[PDB]
Amino acid sequence: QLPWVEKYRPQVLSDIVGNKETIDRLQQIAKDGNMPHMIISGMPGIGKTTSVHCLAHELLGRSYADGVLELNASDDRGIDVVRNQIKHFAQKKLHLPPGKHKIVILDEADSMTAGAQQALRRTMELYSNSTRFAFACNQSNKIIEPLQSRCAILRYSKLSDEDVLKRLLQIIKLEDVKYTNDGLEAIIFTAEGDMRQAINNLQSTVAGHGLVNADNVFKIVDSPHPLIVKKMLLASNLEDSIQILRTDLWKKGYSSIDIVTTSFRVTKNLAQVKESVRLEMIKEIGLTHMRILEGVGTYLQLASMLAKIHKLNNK
Amino acid sequence: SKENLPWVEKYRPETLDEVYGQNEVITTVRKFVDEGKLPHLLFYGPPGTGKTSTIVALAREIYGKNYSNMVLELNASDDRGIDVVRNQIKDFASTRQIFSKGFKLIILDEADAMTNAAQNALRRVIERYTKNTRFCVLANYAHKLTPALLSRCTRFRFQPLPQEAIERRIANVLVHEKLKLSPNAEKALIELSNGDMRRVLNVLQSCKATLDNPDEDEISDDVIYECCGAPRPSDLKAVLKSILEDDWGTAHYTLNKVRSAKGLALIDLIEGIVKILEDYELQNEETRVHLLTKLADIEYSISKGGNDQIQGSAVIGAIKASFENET
Amino acid sequence: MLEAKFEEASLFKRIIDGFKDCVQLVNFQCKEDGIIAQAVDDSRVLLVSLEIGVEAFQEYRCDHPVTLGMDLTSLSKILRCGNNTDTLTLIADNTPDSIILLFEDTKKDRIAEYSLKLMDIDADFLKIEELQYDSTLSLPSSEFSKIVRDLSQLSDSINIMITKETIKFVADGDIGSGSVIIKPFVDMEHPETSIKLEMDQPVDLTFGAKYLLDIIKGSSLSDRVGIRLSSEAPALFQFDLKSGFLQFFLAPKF
Amino acid sequence: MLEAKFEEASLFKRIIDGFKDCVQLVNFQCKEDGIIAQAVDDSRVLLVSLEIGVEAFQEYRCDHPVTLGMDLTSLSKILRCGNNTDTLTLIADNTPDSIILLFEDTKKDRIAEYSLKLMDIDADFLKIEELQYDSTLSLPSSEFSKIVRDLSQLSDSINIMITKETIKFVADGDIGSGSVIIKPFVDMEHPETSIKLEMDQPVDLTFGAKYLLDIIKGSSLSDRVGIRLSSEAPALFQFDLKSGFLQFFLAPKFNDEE
Amino acid sequence: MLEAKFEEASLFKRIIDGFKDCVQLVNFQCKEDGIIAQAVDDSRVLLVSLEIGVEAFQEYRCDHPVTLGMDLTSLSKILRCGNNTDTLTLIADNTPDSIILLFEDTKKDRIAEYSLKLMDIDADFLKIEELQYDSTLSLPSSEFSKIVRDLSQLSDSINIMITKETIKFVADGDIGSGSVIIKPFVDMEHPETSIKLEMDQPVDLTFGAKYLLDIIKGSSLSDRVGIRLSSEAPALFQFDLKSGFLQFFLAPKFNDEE
Ligand SMILES: Nc1ncnc2c1ncn2[C@@H]1O[C@H](COP(=O)(O)OP(=O)(O)OP(O)(O)=S)[C@@H](O)[C@H]1O
Ligand SMILES: Nc1ncnc2c1ncn2[C@@H]1O[C@H](COP(=O)(O)OP(=O)(O)OP(O)(O)=S)[C@@H](O)[C@H]1O
Ligand SMILES: [Mg+2]
Ligand SMILES: [Mg+2]
């Protein structure tokens, strides 16, 4: 069966729960027409390719097949292609409504060579009245400044907790899945603003266990055991925290980097203890993370971090 | 002949029934293949867990003895770029088999070293050609794979080998070889493995070589500890005892003679003393706090160099001052 | 059983030269009306198809068809013993594990005999030839070879374009572009040099130069080459034999 | 513009064969009195200089000189379509980005046309030829090729020594030493086999065998080769064409200098 | 001293072509009745033995035998200057450190002279030839070359079997097996194509194909090849020269012995 990322892939700009400003901008553009050259940059899995696909579809109607030229990184996008095929498409005659234009979608624009990017300048400049260019990339710095000067720049940001939660609730309502609040919270926590990864983890948890619960999510998508990390940090005695770290995290194959990073997140988002003790625990966690990043990542460093956190909590 | 391969290669599983440790994933994969619905697999796990052996035995069970021809196996040793994908993988997926009739199998072993552009080009190959071919991605780190590629495959986490399965494999090896193993020696062997069958097989071959006999005797803990290397538990406990009870100068002399008689390293002794003192039932946790803090500081200092004698004296003084609070 | 005697070992050697390099496995089948053989390359863009009628042989006997597969490389390795003028007899029983090649000189003198190990290949002969092609043309094969050898240097793709009374081969790559334009013409001074063209519909297809280079080898079997092109199927390049033909079907580049 | 038609594509192919391998970039310039071309190797010890007068062509038209640079390898890659007997026409506008090579058979039949991309090279033609050389000699080029091919096997350096009525080529290396001694002589039975020598001063120069090997290629353009040597400048090896010549100027080894 | 002049440098070049590749060091010895040379490969399964009588030379003078050893590769490197038609003179003093090869054209014109460094080899010529061999046969050498070239492709071992009026060469390996069967016959239309066989005892020996391949080179020296086989000694393959012969003695494979 089709995955939920592809099955429930948005086909209308209203279904996108991304950045509201740019979404309404593109919606008004598709409503009025006169789409300009654009470059959409951001991070993977936030609704960049789907956004430009929806814009092109809504703007071209039934003429999407013969008015949109899609070129991904999977196809050759060198100097020869830009010289021959893109120029032939831009010079192609096509009867369109008096508010629409031919769209050239270029996915993964940050991978095009310098020669092709240089040749695309006059290609998009001489046919800017019947052909429009939409680039979708992750690093806007990889595209030359002359190309960026002839187009709008749309920087997509991370998706807040509310938007991903709303989209997951819509998907659950459309799929009739049994879930719980802590399970969705763990899913969003493991997603890190990645909507595609969130939907993928949700579908995997559903197809693997049926019930979307935090235990299952931290099991089918087991990585550092956050709740377990919180229970380890919130321990009252040193031996209990040491036994938890040994049995639950270290004896199960959790890497030290995941443990310390999950540890940082738990602390930052902690609310049981005061602000100063939280900052001191983050400072200890931060030093331990620095030491690990240097390749000294072992169990002794995490044990010393826990000992220092307990000493801070020891008044 | 197979008698020339090392024990890690000689005892490679050829069928799915010889892959121990993984039961929840092995049964699920067997059911996938028997019922027919075999999705794109993503075997994620630590080294030496049996992912490559599992997928090789799976392809053998699927296609028969002609596996080496009906399966496209790519790895980090082979050039895996975006053009390599575009040509080879797409031509393999789009075409059909030259030896029989059925779906194809592309085993992308160690695909965590592939370029981001290669994965971006392959994520649409997996989604387009999905009725005549399948994809199996083997990984040790799930952070090197793009989330788009990570979401198209069913993820199977290879857990470290437990005690029962590793002891079963050890018994199988002891049956295949004219060799005997002591129970406590077997336990010590399982302790220094961390669920890595490669290490167990290697050190088993090495201790069989250490026997020096026609194998009429047994392999005890002494053989394993002297052969596997690393400060022996005997010298470890002797140094710890001399530090805890004996005099400062005597403790220094003992540590020096122990680390210079066998050429041991100070970091290995530090880790061993940390592992041993973890079982010590101690008084108020201040001693444990001081011990862990000072030992981690000394380890981080050793990780950058310095004077070995100064660091050894620091270890001795740290352990002593930490235990002086237990009175 | 298989029992086919070629007057000159040379004919068989040139035929195999045609399968050579571009394919690894060949599936032969002898029967009452002759011998056929098919080989497909790994990427499946090229099919080499042979047909040798009973009359091409000096002696042919078949009371029971036999299908046999073999490694092309192994076969050519053995296919340089024919002295060209030697007589060659292909021999095999009804359930063969091998194919026997028997080369003999006129006199009883020297007899070179080989027993080639066979491969098991699932019998699955393709029948992809079309009733009508968009355009059909024939020209001297040496001319076609030159045309291919010219353009090959410029690109990995050579385009063939056909319009009324015009055939144009084109290559365009890094160092520049090239083209060879030929026109239909009847030479009575010797019609084996004429260039015929029958166009039902203009065609414009692109082929991988590496493959056209494999195909030109057929020049050694025939003076002329027939090229049939269609926008609906693989192109057909054909080299006629006395009672038979060697055909190369090549899929256009998408 | 450039518009030069060679009767036989073969002449141009042999000329380019001469630049081949030993140089990478060639700078051509067509003008009212013909075409010239110069190419210098990377180490700058060899200069290949060509001159083709208007009369060497079947048709030549020039109302505006054009200078064009190109990669030699690219040119030769394309220079095997001439059928030798084909007609070849070099064509270019006054401000070219390419050079067009047009090969045609007598009949309208087959037309092979190429459009070669040009390289931008700073125009800087050298004029290093001397008024007088210490010694001058000519001999059959096939003979010169053999002499070079002999000695080459023995060393990376071949010495040319000239004294009154004596020309001596010498190589000396690891396996031993070799020498070829030739004497001036007029053969009336056919003077294309004669060996002329005019010596104003004895000369003794050493050249890198790898370069002399590149130079011998000119045999395919002329029956004889002229060799002009001087202790003051690069040596000149010249192969005459009908209305033109191909020249190779080679710097003597200082002790180690090709 | 050594002083041997070959009419055509070509004869010596073909002779050396025979030692070429299969051996590295050759020990020559000139004397009153001619020149002999022996070379044994490293594995000691092949001995190459030459004999050139006084009459094979245009001029030969020897008042004092000289033995000299040399590297075969060095010699062949120098052995492509003969123009084939050049005259070749081998020259050496009684206690040489080198061997001089002097190639000259009819006219005084060109003289290529080489001085090859010699190697010191303990003089120890072998005399392993037998009085009688189990079987003896001769046939055109081009035919023998084809027979060897056929079978070589199939295996690293080629077996020669002889029975009354039958000679059979066989190879059997991975891809299959092959055999060439020849029968004795007198062709009066030209007896240089006949195949003679004298069998005193049936023989059946196996040889390493790599070695037979080295041996076939002798075809260039003689129209026919003589093959003498025995179960007691190395086989002898012989190529006759005008006054002389080139012989190859090859040890049969024991089961694995070239
Ligand atoms: N704002 C969104 N609303 C709903 N679904 C979304 C949203 N953003 C992403 N998705 C889901 O994520 C899938 C993939 O989104 P993409 O737009 O391809 O990700 P991306 O932002 O382009 O980042 P890339 O492609 O890795 S550079 C879609 O098919 C949706 O299922
Ligand atoms: N579950 C197992 N049962 C039996 N033997 C095993 C098992 N896992 C590993 N081995 C042994 O270890 C060898 C190596 O196994 P591999 O599958 O190559 O390791 P891996 O899981 O692929 O990890 P890599 O290759 O370092 S990413 C095998 O040939 C076996 O001898
Ligand atoms: Mg995208
Ligand atoms: Mg592996």
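Compute the relative contact order of chain A as a whole-number percentage, counting only Cα pairs closer than 8 Å that sit 6 or more residues apart in sequence. Rounded, it is 16 percent for chain A.
What translational D, rounded to a whole number of µm²/s, comes out for the protein assembly as shown from Stokes-Einstein when the hydrodynamic radius is the Kirkwood one over Cα pairs, at 4 °C and 1.567 mPa s?
32 µm²/s
Fewest to most neighbouring Cβ within 10 Å: what's the order for D:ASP240, A:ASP161? Intermediate results must be reported in sequence, preceding the final value.
On the way: D:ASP240 17, A:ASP161 12.
Ranked by crowding around the Cβ, least crowded first: A:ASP161, D:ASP240.
Amide H to amide H, with H built 1.01 Å from N, D:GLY244 comes under 5 Å of D:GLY53, counting only residues 5 or more places away or on other chains. Peptide A:294-303 has a mean shielding of 5, counted as Cβ atoms of other protein chains within 10 Å of each residue's Cβ. Only the Cβ atoms of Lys and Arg (+1) and of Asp and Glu (-1) were treated as charged; on that basis the dipole of the protein assembly as shown about its Cα centre amounts to roughly 6820 debye.
Which entries in A:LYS87/D:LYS108; E:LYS77/E:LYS242; B:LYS10/B:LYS131 show an alpha-carbon gap greater than 31 Å? Spell out each step's value before the answer.
Details: A:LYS87/D:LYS108 34 Å; E:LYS77/E:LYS242 25 Å; B:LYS10/B:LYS131 36 Å.
Exceeds cut-off: A:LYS87/D:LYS108; B:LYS10/B:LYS131.
To the nearest Å, what is the center-to-center distance of region A:169-189 and region C:1-62, using C-alpha atoms only? Cα centroid of region A:169-189 versus Cα centroid of region C:1-62: 65 Å apart.
Our coupling estimate for region E:184-200, obtained by passing each phi through the Karplus curve with A = 6.51, B = -1.76, C = 1.60 and θ = phi - 60°, is x, 6, 9, 9, 6, 4, 2, x, 7, 10, 5, 10, 9, 8, 10, 10, 9 Hz, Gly and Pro reported as x.
Charged neighbours of C:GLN58, selected by a Cβ distance under 11 Å, balance to -3 (K, R count +1; D, E count -1).
Across region D:234-244, coupling constants 3J(HN,Hα) worked out from phi with the 6.51/-1.76/1.60 Karplus curve, θ = phi - 60°, read x, 7, 10, 10, 10, 10, 6, 10, 6, 6, x Hz, and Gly and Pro carry x.
When Rg and Dmax are taken over the Cα atoms of region D:1-114, they come to 13.7, 46 Å.
Based on a Kirkwood Rh over C-alpha pairs, give the Stokes-Einstein translational diffusion coefficient of chain A at 37 °C and viscosity 0.692 mPa s in µm²/s. Kindly include the intermediate steps, with their values, before the conclusion.
Working: Rh = 22.7 Å.
Translational diffusion coefficient: 145 µm²/s.
For a straight C-alpha distance cut-off of 22 angstrom, the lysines reachable from B:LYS294 (same-chain residues fewer than eight places away being disregarded) are A:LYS283, A:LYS308, A:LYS311, A:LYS315, B:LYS237, B:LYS241, B:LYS275, B:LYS304, B:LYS320.
Under 5 Å between amide hydrogens, built in the peptide plane, is the criterion, and for B:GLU73 it picks out B:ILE107 among residues at least 5 positions away or on other chains.
Within the straight-line cut-off of under 22 Å between alpha carbons, the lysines reachable from E:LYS107 are D:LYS146, D:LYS164, D:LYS168, D:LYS183, D:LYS196, E:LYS5, E:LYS13, sequence neighbours fewer than 8 places apart in one chain being disregarded.
Computed from phi, the 3J(HN,Hα) profile of region D:245-258 under the Karplus parametrisation 6.51, -1.76, 1.60 (θ = phi - 60°) reads 5, 10, 10, 10, 9, 10, 6, x, 6, 6, 4, 8, 8, 6 Hz, with x in place of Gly and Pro.
Comparing Cα centroids, region B:201-270 and region E:61-79 end up 68 angstrom apart. Only Cα pairs within less than 10 Å get springs; with that Gaussian network setup on chain D, which residue of D:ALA112, D:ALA92, D:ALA235 has the largest fluctuation? Evaluated over chain D, the most mobile residue of the options is D:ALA112.
Could you state, as a whole-number percent, how many of the C-alpha pairs of chain D are farther apart than 23 Å? Walk me through the numbers before you get to the answer.
Details: 17782 of 33153 pairs.
Roughly 54 percent, once rounded to a whole number.
The angle between the Cα long axis of helix C:141-152 and the main principal axis of chain C comes to about 60°, on a 0 to 90 degree scale.
Comparing Cα centroids, region C:190-218 and region A:242-298 end up 71 angstrom apart. With the cut-off at under 11 Å, measuring from each backbone N in region E:224-253 to a point 7 Å along the Cα-to-Cβ line of E:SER194 picks out no residue. Ordering A:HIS310, B:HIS40, D:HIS64, C:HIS190 from the fewest to the most neighbouring beta carbons within 10 Å gives C:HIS190, D:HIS64, B:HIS40, A:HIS310. Each of C:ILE147, D:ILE111 was scored by other Cβ atoms within 10 Å of its Cβ. Listed from fewest to most, they are D:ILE111, C:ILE147. For chain E, the longest principal axis of the Cα atoms and the long axis of helix E:141-152 meet at an angle of about 60 degrees.
Among complete DSSP H helices in chain B, those whose alpha-carbon atoms stretch at least 15 Å along the helix's long axis and whose mean Kyte-Doolittle hydropathy reaches 0.5 are B:233-244, B:266-277, B:308-323.
Helix C:9-19 and the long axis of chain C differ in direction by around 50°, with both axes built from C-alpha atoms. Bridging of A:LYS166 to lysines at a Cα separation below 21 Å is possible for A:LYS7, A:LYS20, A:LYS48, A:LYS158, A:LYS178, once same-chain residues fewer than 8 apart are set aside.
Here, each number is a calculation from the coordinates, and none is a lab measurement. Positions of Cβ are backbone-derived with ideal geometry, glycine not excepted, and every protein chain shown enters the neighbour counts.
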